[PDB]
């Protein structure tokens, strides 16, 4: 039995990669389950200590896991946070890579709220994807609540004291995942709150459709592939994305695409827009999700 940070016992390995290794485990002083990430101390780019700092800023935010411990032991940097459940990408896969409208509406409104809370802590996320939004653990009050992890790409968009927005600029190298990234990110524009909101809109359509029309494109190099995906996004009318689906999802994406660089998103307006879908369909936001039928 291997222990880190004085009282965190390591259990089964749950992930591995260039970042390091990820285990589940137990906080032995109180029995709460935790996730423990280990990053090699001598690594090209260290993210773990910075991620901890981001977690401390967030610590206390609803549905973001608490960070219990960061330290350096043996040959690794170590981070301990609350253990959560499957990601939306895991659940998506188990559900045959398509979610019902009712599931997407309910998940969407919670994702908007998570990002609103992140933005309230002066941070933009910059790497929106279904792989980083997770449900809770069975039988907990937040078992089917959406949670947000992985703050490796997060960056300050305004000064925490003054709230002075970062400056506009262009010619930026492409950061984030090509599938969900905003049109403005494709054009090398400085990212702000709008870009997180647009990426959310792309994820919503991905859930509803099973795929986006800019997946599976061919290019000579990655830079050219990025360019082609961006053009397709620019070309694709929002109502081609929404065909057979509630028009509110097309409208959502249209609205967030028109936000100005410094503009505060209308989070509550977006939640009401998306919830109105349920009124249209005679459905209700009662906490029933597709994965609860598995």
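Positions refer to the first chain, counted from 1.
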Exercise. Which is higher in the entry, the mean Cα B factor of 171 to 179 or that of 95 to 103?
Worked result: 171 to 179
Exercise. Taking the recorded C-alpha temperature factors, which stretch has the higher mean, 221 to 229 or 33 to 41?
Worked result: 221 to 229
For this session: Would you mind checking which of 138, 86, 74, 130 has the top Cα temperature factor in the PDB entry?
Result: 74
Seminar exercise, completed: For residue 260, the third of its chain by CA B-factor is the lowest
Exercise. Of the three thirds of its chain by CA temperature factor, lowest, middle or highest, which one includes residue 193?
Worked result: lowest
Problem set entry | residue 162 - which third its CA temperature factor falls in, relative to the rest of the chain | highest
For this session: Among all modelled residues of this chain, ranked by Cα B factor, put residue 63 in the bottom, middle or top third, i.e. lowest, middle or highest.
Result: lowest
Exercise. Sorting the chain's CA B-factors, does residue 184 end up in the lowest, middle or highest third?
Worked result: middle
